[PDB]
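Participant:
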Amino acid sequence: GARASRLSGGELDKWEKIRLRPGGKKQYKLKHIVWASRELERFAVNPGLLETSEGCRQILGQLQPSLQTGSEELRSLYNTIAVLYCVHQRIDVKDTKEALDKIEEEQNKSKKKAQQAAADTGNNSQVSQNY
Ligand SMILES: *C(=O)CCCCCCCCCCCCC
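What follows is the structure, encoded as structure tokens:
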């Protein structure tokens, strides 16, 4: 509800320090912070999620199950929020890919706990029919 954008020169230093490709020289720029904040608005997702380490990671979860059938737009976001999430969790990524393989390790910390509960609560299969 405040002035446009939230990050500043300080954070911009790290945001621009991240490379877009694994073996390339391209990096992230404001162009993305704007495109993302806007994209989410179209994905029924509020841009106010980029202002929280827990908010970003959460966003990825929504597209996680959509990665199988996600357009070029959804795919971008996933790779985007993944780069920002590290910016708020105090993580230095070498590139887009590096970030992914990075956040995946952070989830394992919670998976170990979710398993203790899964032993009691489990999911079932799905199936429908049409004439
Ligand atoms: C008030 O209406 C709250 C919403 C304003 C916050 C939007 C700022 C988005 C922050 C950009 C994230 C940086 C992407 C790397």
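Residue 119 in PDB author numbering sits at position 118 of the sequence shown, with consecutive numbering throughout. For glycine and all other residues, C-beta sits at the position ideal for the given N, C-alpha and C.
1. Assign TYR86 to one of two classes, buried (16 or more other C-beta atoms within 10 Å of its C-beta) or exposed (fewer than that).
2. Hey, would you say the C-beta of residue 1 is under 6 Å away from at least one heavy atom of ligand 1?
3. Might you give, ordered along the chain, the residues of its own chain that have their beta carbon closer than 6 Å to the beta carbon of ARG20, omitting 5 neighbours on each side?
4. If distances are taken between C-alpha atoms only, which option among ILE104, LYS32, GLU40, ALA119 comes closest to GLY62?
5. Which same chain residues, not among the five before or five after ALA37, have their C-beta less than 6 Å away from its C-beta?
6. Please report the distance separating the alpha-carbon of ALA83 from that of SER126.
7. Since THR122 is in the alpha helix (DSSP H), which residue starts that stretch and which ends it?
8. Count the other C-beta atoms from every protein chain shown that fall within 10 angstroms of the C-beta of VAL94, then say buried if there are 16 or more, exposed otherwise.
9. Hey, is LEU85 close to ligand 1, as in C-beta under 6 Å from one of its heavy atoms?
10. Going by beta carbon distance, what residues of the same chain come within less than 7 Å of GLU42, once the five residues before and after it are set aside?
11. To the nearest angstrom, report how far apart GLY2 and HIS33 are at their CA atoms.
12. Strictly by DSSP, which residues pair up with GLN28?
Facilitator: Reading it off the structure:
1. buried
2. What the structure shows of the chain is the stretch from 2 to 132, and residue 1 is not part of that stretch, so it cannot be assessed.
3. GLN28, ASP96
4. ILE104
5. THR81
6. 30 Å
7. Per DSSP, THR122 belongs to no alpha helix (DSSP H) and is neither H nor E.
8. buried
9. Checking every heavy atom of ligand 1 against the Cβ of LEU85, one is found closer than 6 Å.
10. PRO48
11. 20 Å
12. Bridge partners of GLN28 according to DSSP: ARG20.
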